[PDB]
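Participant: Below you'll find the structure I mean.
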Amino acid sequence: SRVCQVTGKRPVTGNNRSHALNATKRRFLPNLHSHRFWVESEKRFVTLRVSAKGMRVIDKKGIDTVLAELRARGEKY
Amino acid sequence: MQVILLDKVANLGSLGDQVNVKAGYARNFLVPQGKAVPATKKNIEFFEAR
RNA sequence: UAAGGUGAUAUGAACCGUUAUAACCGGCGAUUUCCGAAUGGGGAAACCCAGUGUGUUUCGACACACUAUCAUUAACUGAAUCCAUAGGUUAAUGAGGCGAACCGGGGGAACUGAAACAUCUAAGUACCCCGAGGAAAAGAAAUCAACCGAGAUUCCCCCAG
RNA sequence: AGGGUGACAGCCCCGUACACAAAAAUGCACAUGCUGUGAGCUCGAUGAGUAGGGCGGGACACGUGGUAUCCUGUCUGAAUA
RNA sequence: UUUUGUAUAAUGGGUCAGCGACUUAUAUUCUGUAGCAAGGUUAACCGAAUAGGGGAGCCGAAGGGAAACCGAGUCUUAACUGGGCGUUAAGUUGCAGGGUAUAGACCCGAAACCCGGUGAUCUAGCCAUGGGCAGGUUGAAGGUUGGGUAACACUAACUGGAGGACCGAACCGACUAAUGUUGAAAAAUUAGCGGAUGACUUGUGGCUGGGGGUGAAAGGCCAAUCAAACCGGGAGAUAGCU
RNA sequence: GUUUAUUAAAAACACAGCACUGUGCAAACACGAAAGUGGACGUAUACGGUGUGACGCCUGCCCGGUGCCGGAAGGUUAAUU
RNA sequence: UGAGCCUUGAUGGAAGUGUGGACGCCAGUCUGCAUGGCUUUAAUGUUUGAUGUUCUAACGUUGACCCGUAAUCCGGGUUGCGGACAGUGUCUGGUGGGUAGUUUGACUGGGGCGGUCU
RNA sequence: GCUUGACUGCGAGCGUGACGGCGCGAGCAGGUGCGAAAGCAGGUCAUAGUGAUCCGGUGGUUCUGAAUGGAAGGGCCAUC
Ligand SMILES: [Mg+2]
Ligand SMILES: [Mg+2]
Ligand SMILES: [Mg+2]
Ligand SMILES: [Mg+2]
Ligand SMILES: [Mg+2]
Ligand SMILES: [Mg+2]
Ligand SMILES: [Mg+2]
Ligand SMILES: [Mg+2]
Ligand SMILES: [Mg+2]
Ligand SMILES: [Mg+2]
Ligand SMILES: [Mg+2]
Ligand SMILES: [Mg+2]
Ligand SMILES: [Mg+2]
Ligand SMILES: [Mg+2]
Ligand SMILES: [Mg+2]
Ligand SMILES: [Mg+2]
Ligand SMILES: [Mg+2]
Ligand SMILES: [Mg+2]
Ligand SMILES: [Mg+2]
Ligand SMILES: [Mg+2]
Ligand SMILES: [Mg+2]
Ligand SMILES: [Mg+2]
Ligand SMILES: [Mg+2]
Ligand SMILES: [Mg+2]
């Protein structure tokens, strides 16, 4: 599924609206990517299906923390 | 993404400076290649003691 | 508790009981074929076939027990790669399916109304889905007030069509 | 109260008011035993990819309207008594 | 019943019996009636539970002006000789009724739109694996041997056995007619007719699903249903019509 | 040869043949939120789409309109800044 | 190669030998070459776009080999190819009967066509 | 010829419309023109020359201003 393994971001439904405001169902879905991440603390690469932001989080908090989560939460990975 | 260096490296190499690198440059090459590391405000003290 | 009983259509047969092991009622046990989440594999539900263990002064073949999957934990094992991982076996736990409404959540119509119809309405309704409890949810102010003050959430009547 | 009995029964029957009863198993309260759990004082700490913003939607009675406020798909991003 | 008008040859009714259509709730206003009266009445809730408590509140006693504001006046204008709205009549809460609002709002009736399901045991096409075609014709390529060429060509016999080839049963079709039309049959029967070694025909089993399938194409077929299947749901859709 | 099972078997559909056009393969194209599958265990003498319809003799003029193909200039033009 | 601040440009040992350029309406025997008691005419360090080359390290691989594994799925691994492209998310201009919802007046000597509508 | 009465505030009383509305009007107040003056003038000899509401623009306006001062926005007057 199109779920960001870091943020839990998933597709959400909203509307389209024309210039005449005609509503047509639609979905916003996240900017997923799947990415080889180096951990070093395990001498290995791990591919997380990750959103940008998901990346920007990993940048900030730093991988291992994020990996504490997921494992804390049960995410396969 | 400021990070601190480790070896020489590019038009910024210095064995331990606070640069401001582009993130992709950072978290895809330098760190996985061990040529820098994030400056997590804890890291800005170990290479700010020398 | 008891003088009468062996459910009903439902007589009959053969019985059982009367001062306490007749029946009947209640508490707790026992037995509880096969199918069905079905869980040993399969399958046209109630059937076909196994591996391993047990079992026979007639120790063959049959009968019985156990063997699904996932999760967590442990143990033992263990590639590409030596380390290490993935992988593999066993084990202990828990899950699975069903069920009236109420409840929270993910999705979410059109008829219809506008005396037509797009915005708007019907309506976050109907419906699909996931989940849980005896209730659910909500909740201990980054809330209101208006310079006076109040003091979580929830429900009822007002405020007011 | 009510039902039944060969027609309408306080006194025929079964009940009713009322007073009583549990060998066992259980719901609920307390009281403790066992397991798991933490209490207490001193000195600290005070929730950042967040608040806010841009784009797109959605929620708030409120249709973007002069539109506060809330939620976030997207790109951003503070102060810290 | 509907109509300008119906014995009407315009509708509806074979007959009887039973059932079958202006309701309910909450708001609002009017009439009646009752209580009290410049006042009337409580809501939830408490409850010794139709009591009693509870006056939060609602209506009325003041109007005028968009409003600030003023007030038996006020607004208009610089200002009214003025003018507009007001100042004189009582209100309010129950109970019964007439209207209206919101609801299915007097009852029955669509063709349809949306949602979730069930259907390829009919039929369309396709996939896989098995079966069928009496009898009789025609005589393609090729072959052989003579003739014939310099050798080929070519030619005659004989041989060979081609084809969405021929005639014709089974089998598959459905051109004509009559019969049948409350059938023997919700498409057949009888006499004739087409194909009949092929793009043939057939048994079993499989796959394709509803704005979707399949279609040698007719809008054909998708279970006697098809210009959007069937079952349940929204649902008492809506019906200015009968 | 096929067709409106059940009022139309035909001059309709199909057909071999013809032409245009797309497609360089992870093909175009189709089913599919996606994974994937068909196209094809094929590869331009292939495959899809469209029109025409054995064969014979042939298929003339018009690119202004609409469409398609090509066009690194310039004019106008979105979010963005 | 576009453009700011720092920078390689300018402003509020005298005199001898004296020669091209100056947007100089329309050409200075004047200055330097060895020697003599806080900018436009443009370019070095940057923070930043446009284009072109190169690289690998995200990302692709429906090439090859290896292991899980007797497995044309997936994953891991090595490697070749591709490579900041491709693809995807959000936003955005174009196209869009492929698909959907709808509109398409009334009068009227039937209706349509015509005419009419204040 | 001279001029701005094609004036501002009002309006007894009427006509005409289902209504929204439209029309006629002496007179009062302020200020103005022509006339010696009485006077006349609130557009044109009259009856066609037109468009509700909503949304919004503009100018004016101490009327409103979501704690308070402001402001936004609104109202009112004029106008598109
Ligand atoms: Mg079984
Ligand atoms: Mg099984
Ligand atoms: Mg309508
Ligand atoms: Mg205080
Ligand atoms: Mg805090
Ligand atoms: Mg008539
Ligand atoms: Mg009549
Ligand atoms: Mg008569
Ligand atoms: Mg008669
Ligand atoms: Mg009649
Ligand atoms: Mg079939
Ligand atoms: Mg034949
Ligand atoms: Mg024949
Ligand atoms: Mg049928
Ligand atoms: Mg109906
Ligand atoms: Mg409805
Ligand atoms: Mg027919
Ligand atoms: Mg026929
Ligand atoms: Mg072709
Ligand atoms: Mg033809
Ligand atoms: Mg359409
Ligand atoms: Mg509609
Ligand atoms: Mg008409
Ligand atoms: Mg405020």
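Naming works like this for the structure tokens: A, B, ... for the chains as they're shown, residue 1 at the start of each chain, ligands 1 onward in shown order.
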List every residue of chain A that DSSP, applied to the backbone of this structure, assigns to alpha helix (DSSP H), and report them as JSON, numbers by chain.
Facilitator: {"A": [54, 55, 56, 57, 58, 59, 60, 61, 63, 64, 65, 66, 67, 68, 69, 70, 71]}
Participant: Please produce a file of the residues just selected, as a PDB file, in the first residue's frame, where the atoms kept are N, CA and C atoms.
Facilitator:
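Contents of the output file result-v9.pdb:
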```pdb
ATOM      1  N   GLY A  54       9.293  12.225   4.967  1.00  0.00           N
ATOM      2  CA  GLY A  54       9.760  11.001   5.583  1.00  0.00           C
ATOM      3  C   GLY A  54      11.277  11.014   5.580  1.00  0.00           C
ATOM      4  N   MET A  55      11.847  11.366   4.435  1.00  0.00           N
ATOM      5  CA  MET A  55      13.265  11.632   4.338  1.00  0.00           C
ATOM      6  C   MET A  55      13.671  12.796   5.244  1.00  0.00           C
ATOM      7  N   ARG A  56      13.011  13.948   5.109  1.00  0.00           N
ATOM      8  CA  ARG A  56      13.380  15.132   5.903  1.00  0.00           C
ATOM      9  C   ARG A  56      13.338  14.872   7.413  1.00  0.00           C
ATOM     10  N   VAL A  57      12.508  13.922   7.835  1.00  0.00           N
ATOM     11  CA  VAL A  57      12.465  13.503   9.229  1.00  0.00           C
ATOM     12  C   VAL A  57      13.713  12.725   9.536  1.00  0.00           C
ATOM     13  N   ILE A  58      13.967  11.710   8.716  1.00  0.00           N
ATOM     14  CA  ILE A  58      15.152  10.881   8.856  1.00  0.00           C
ATOM     15  C   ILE A  58      16.393  11.745   8.890  1.00  0.00           C
ATOM     16  N   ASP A  59      16.386  12.800   8.094  1.00  0.00           N
ATOM     17  CA  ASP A  59      17.475  13.745   8.116  1.00  0.00           C
ATOM     18  C   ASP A  59      17.627  14.307   9.517  1.00  0.00           C
ATOM     19  N   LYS A  60      16.529  14.809  10.072  1.00  0.00           N
ATOM     20  CA  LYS A  60      16.567  15.482  11.363  1.00  0.00           C
ATOM     21  C   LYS A  60      16.727  14.507  12.533  1.00  0.00           C
ATOM     22  N   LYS A  61      15.665  13.777  12.864  1.00  0.00           N
ATOM     23  CA  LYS A  61      15.707  12.811  13.961  1.00  0.00           C
ATOM     24  C   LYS A  61      16.894  11.867  13.793  1.00  0.00           C
ATOM     25  N   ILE A  63      18.219   8.356  11.294  1.00  0.00           N
ATOM     26  CA  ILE A  63      17.727   6.996  10.991  1.00  0.00           C
ATOM     27  C   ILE A  63      17.384   6.111  12.183  1.00  0.00           C
ATOM     28  N   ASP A  64      18.377   5.878  13.032  1.00  0.00           N
ATOM     29  CA  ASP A  64      18.258   4.899  14.104  1.00  0.00           C
ATOM     30  C   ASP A  64      17.099   5.157  15.016  1.00  0.00           C
ATOM     31  N   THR A  65      16.869   6.422  15.324  1.00  0.00           N
ATOM     32  CA  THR A  65      15.688   6.786  16.084  1.00  0.00           C
ATOM     33  C   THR A  65      14.446   6.299  15.375  1.00  0.00           C
ATOM     34  N   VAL A  66      14.344   6.697  14.110  1.00  0.00           N
ATOM     35  CA  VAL A  66      13.202   6.368  13.281  1.00  0.00           C
ATOM     36  C   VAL A  66      13.043   4.857  13.249  1.00  0.00           C
ATOM     37  N   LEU A  67      14.163   4.152  13.166  1.00  0.00           N
ATOM     38  CA  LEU A  67      14.144   2.704  13.190  1.00  0.00           C
ATOM     39  C   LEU A  67      13.785   2.139  14.566  1.00  0.00           C
ATOM     40  N   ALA A  68      13.889   2.945  15.619  1.00  0.00           N
ATOM     41  CA  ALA A  68      13.470   2.489  16.945  1.00  0.00           C
ATOM     42  C   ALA A  68      11.956   2.381  16.896  1.00  0.00           C
ATOM     43  N   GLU A  69      11.344   3.494  16.490  1.00  0.00           N
ATOM     44  CA  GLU A  69       9.996   3.515  15.937  1.00  0.00           C
ATOM     45  C   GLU A  69      10.020   2.490  14.789  1.00  0.00           C
ATOM     46  N   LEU A  70       8.863   2.049  14.309  1.00  0.00           N
ATOM     47  CA  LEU A  70       8.779   0.981  13.296  1.00  0.00           C
ATOM     48  C   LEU A  70       8.963  -0.341  13.984  1.00  0.00           C
ATOM     49  N   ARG A  71      10.147  -0.547  14.546  1.00  0.00           N
ATOM     50  CA  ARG A  71      10.413  -1.728  15.362  1.00  0.00           C
ATOM     51  C   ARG A  71       9.616  -1.671  16.665  1.00  0.00           C
TER      52      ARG A  71
END
```
Participant: Show me a table, sorted first by chain and then by increasing residue number, of the residues of chain A having an atom at most 9 Å from chain C, each with its shortest atom pair and the distance in Å to one decimal, counting only C-alpha atoms (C1' of nucleotides) and written as a Markdown table.
Facilitator:
```
| residue | atom | partner | partner_atom | distance |
| --- | --- | --- | --- | --- |
| A:13 | CA | C:107 | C1' | 8.6 |
| A:20 | CA | C:119 | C1' | 6.6 |
| A:21 | CA | C:119 | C1' | 6.3 |
| A:22 | CA | C:119 | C1' | 7.3 |
| A:43 | CA | C:84 | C1' | 8.9 |
| A:44 | CA | C:85 | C1' | 9.0 |
```
Participant: Please determine the contact residues of chain D with respect to chain A at a cut-off of 12 Å, counting only C-alpha atoms (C1' of nucleotides), and supply them as a count of residues only.
Facilitator: 14
Participant: Residues up to 12 Å from ligand 20, counting only C-alpha atoms (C1' of nucleotides) and all ligand atoms: could you list those as a list in words?
Facilitator: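 Based on only C-alpha atoms (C1' of nucleotides) and all ligand atoms, ligand 20 is surrounded within 12 Å by residues 11, 12, 13, 14, 15, 51, 52 and 53 of chain F.
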Participant: As an NGL selection string, please: every residue in chain B that a backbone DSSP assignment puts in strand (DSSP E or B).
Facilitator: :B and (4-5 or 18 or 36-37)
Participant: Keeping only N, CA, C and O atoms, write the selected residues to a file as a PDB file, in the first residue's frame.
Facilitator:
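Below you can see out_3.pdb, which holds the result:
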```pdb
ATOM      1  N   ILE B   4      29.415  17.774   9.771  1.00  0.00           N
ATOM      2  CA  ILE B   4      30.838  17.987  10.034  1.00  0.00           C
ATOM      3  C   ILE B   4      31.672  16.973   9.270  1.00  0.00           C
ATOM      4  O   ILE B   4      31.368  15.771   9.272  1.00  0.00           O
ATOM      5  N   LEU B   5      32.754  17.449   8.664  1.00  0.00           N
ATOM      6  CA  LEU B   5      33.554  16.599   7.798  1.00  0.00           C
ATOM      7  C   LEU B   5      34.402  15.611   8.581  1.00  0.00           C
ATOM      8  O   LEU B   5      34.378  15.594   9.811  1.00  0.00           O
ATOM      9  N   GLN B  18      32.220  22.858   9.897  1.00  0.00           N
ATOM     10  CA  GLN B  18      30.783  23.028   9.712  1.00  0.00           C
ATOM     11  C   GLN B  18      30.488  23.609   8.333  1.00  0.00           C
ATOM     12  O   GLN B  18      30.569  24.827   8.146  1.00  0.00           O
ATOM     13  N   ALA B  36      31.466  12.598   6.245  1.00  0.00           N
ATOM     14  CA  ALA B  36      30.874  13.639   7.078  1.00  0.00           C
ATOM     15  C   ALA B  36      29.866  13.009   8.030  1.00  0.00           C
ATOM     16  O   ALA B  36      29.761  11.780   8.106  1.00  0.00           O
ATOM     17  N   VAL B  37      29.138  13.846   8.763  1.00  0.00           N
ATOM     18  CA  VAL B  37      28.129  13.361   9.694  1.00  0.00           C
ATOM     19  C   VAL B  37      27.248  14.537  10.100  1.00  0.00           C
ATOM     20  O   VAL B  37      27.746  15.660  10.201  1.00  0.00           O
TER      21      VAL B  37
END
```
Participant: Between atom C1' of residue 90 of chain G and atom CA of residue 62 of chain A, what is the distance in Å, rounded to a tenth?
Facilitator: 25.4 Å
Participant: By how many Å are atom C1' of residue 11 of chain G and atom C1' of residue 43 of chain G apart?
Facilitator: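 Distance reported for this atom pair: 22.0 Å.
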Participant: Hey, can you check how far atom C1' of residue 44 of chain E sits from atom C1' of residue 144 of chain C?
Facilitator: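 Separating atom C1' of residue 44 of chain E from atom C1' of residue 144 of chain C is a distance of 23.9 Å.
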Participant: For ligand 22, list the contacting residues at 8 Å or closer, counting only C-alpha atoms (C1' of nucleotides) and all ligand atoms, as a PyMOL selection string.
Facilitator: (chain C and resi 117) or (chain G and resi 101-102)
Participant: Can you list, as a PyMOL selection string, every protein, DNA or RNA residue that comes within 10 Å of segment 8-14 of chain B when you count only C-alpha atoms (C1' of nucleotides), leaving out same-chain residues fewer than 6 positions away?
Facilitator: chain B and resi 20-21+30+35-36
Participant: Could you write those residues out with C-alpha atoms, as a CSV table (one decimal), in the first residue's frame?
Facilitator:
```csv
chain,number,residue,atom,x,y,z
B,20,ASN,CA,26.4,23.6,4.5
B,21,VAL,CA,26.0,20.9,2.0
B,30,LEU,CA,29.3,11.6,2.3
B,35,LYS,CA,33.2,11.6,4.8
B,36,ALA,CA,30.9,13.6,7.1
```
Participant: Please identify all residues of chain G having at least one atom at most 10 Å from any atom of chain A, considering only C-alpha atoms (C1' of nucleotides), and return them as a PyMOL selection string.
Facilitator: chain G and resi 58-59+88-90
Participant: Would you mind exporting N, CA, C and O atoms (P, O5', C5', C4', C3', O3' and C1' of nucleotides) of the selected residues as a PDB file, in the first residue's frame?
Facilitator:
```pdb
ATOM      1  P     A G  58      23.691   4.762  -5.607  1.00  0.00           P
ATOM      2  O5'   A G  58      22.840   5.268  -4.378  1.00  0.00           O
ATOM      3  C5'   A G  58      21.441   5.179  -4.388  1.00  0.00           C
ATOM      4  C4'   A G  58      20.785   6.499  -4.106  1.00  0.00           C
ATOM      5  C3'   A G  58      19.397   6.594  -4.676  1.00  0.00           C
ATOM      6  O3'   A G  58      18.469   5.923  -3.870  1.00  0.00           O
ATOM      7  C1'   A G  58      20.583   8.547  -5.231  1.00  0.00           C
ATOM      8  P     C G  59      18.066   4.428  -4.271  1.00  0.00           P
ATOM      9  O5'   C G  59      17.222   4.612  -5.607  1.00  0.00           O
ATOM     10  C5'   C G  59      16.145   5.531  -5.695  1.00  0.00           C
ATOM     11  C4'   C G  59      15.758   5.765  -7.132  1.00  0.00           C
ATOM     12  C3'   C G  59      15.746   4.538  -8.046  1.00  0.00           C
ATOM     13  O3'   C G  59      14.572   3.744  -7.933  1.00  0.00           O
ATOM     14  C1'   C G  59      16.926   6.277  -9.095  1.00  0.00           C
ATOM     15  P     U G  88       4.965   8.222 -14.521  1.00  0.00           P
ATOM     16  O5'   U G  88       4.892   8.451 -12.948  1.00  0.00           O
ATOM     17  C5'   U G  88       4.761   7.347 -12.071  1.00  0.00           C
ATOM     18  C4'   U G  88       4.967   7.745 -10.634  1.00  0.00           C
ATOM     19  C3'   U G  88       4.170   8.943 -10.140  1.00  0.00           C
ATOM     20  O3'   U G  88       2.831   8.619  -9.809  1.00  0.00           O
ATOM     21  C1'   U G  88       6.417   9.182  -9.477  1.00  0.00           C
ATOM     22  P     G G  89       1.735   9.768  -9.554  1.00  0.00           P
ATOM     23  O5'   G G  89       2.268  10.553  -8.273  1.00  0.00           O
ATOM     24  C5'   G G  89       1.822  10.217  -6.974  1.00  0.00           C
ATOM     25  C4'   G G  89       2.199  11.278  -5.978  1.00  0.00           C
ATOM     26  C3'   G G  89       1.515  12.621  -6.153  1.00  0.00           C
ATOM     27  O3'   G G  89       0.225  12.631  -5.581  1.00  0.00           O
ATOM     28  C1'   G G  89       3.828  12.955  -5.841  1.00  0.00           C
ATOM     29  P     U G  90      -0.951  13.484  -6.239  1.00  0.00           P
ATOM     30  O5'   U G  90      -0.502  14.976  -5.922  1.00  0.00           O
ATOM     31  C5'   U G  90      -0.516  15.427  -4.579  1.00  0.00           C
ATOM     32  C4'   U G  90      -0.007  16.836  -4.454  1.00  0.00           C
ATOM     33  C3'   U G  90      -0.608  17.824  -5.423  1.00  0.00           C
ATOM     34  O3'   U G  90      -1.854  18.301  -4.980  1.00  0.00           O
ATOM     35  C1'   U G  90       1.733  18.067  -5.415  1.00  0.00           C
TER      36        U G  90
END
```
Participant: Please identify all protein, DNA and RNA residues within 10 Å of ligand 19, counting only C-alpha atoms (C1' of nucleotides) and all ligand atoms, and report them as a ChimeraX atom specification.
Facilitator: /F:19-22,44,46-50
Participant: Need to verify the contact set: residue 54 of chain C, 12 Å, only C-alpha atoms (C1' of nucleotides), exclusion of same-chain residues closer than 5 positions in sequence. Can you return it as a list in words?
Facilitator: residues 63, 64, 65 and 66 of chain C
Participant: Once you count only C-alpha atoms (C1' of nucleotides), which residues of chain F turn out to be within 12 Å of chain A? Could you give them as an MDAnalysis selection string?
Facilitator: chainID F and resid 33:35
Participant: B:19, B:6, B:44, B:31: which is nearest chain A, counting only C-alpha atoms?
Facilitator: B:31
Participant: Show me which residues line ligand 24, defined as having an atom within 10 Å of a ligand atom where only C-alpha atoms (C1' of nucleotides) and all ligand atoms count, and present them as a PyMOL selection string.
Facilitator: (chain D and resi 68) or (chain H and resi 65-68)
Participant: List all protein, DNA and RNA residues that have at least one atom no more than 12 Å from any atom of ligand 23, counting only C-alpha atoms (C1' of nucleotides) and all ligand atoms, and write them as a PyMOL selection string.
Facilitator: chain G and resi 105-108+110-112
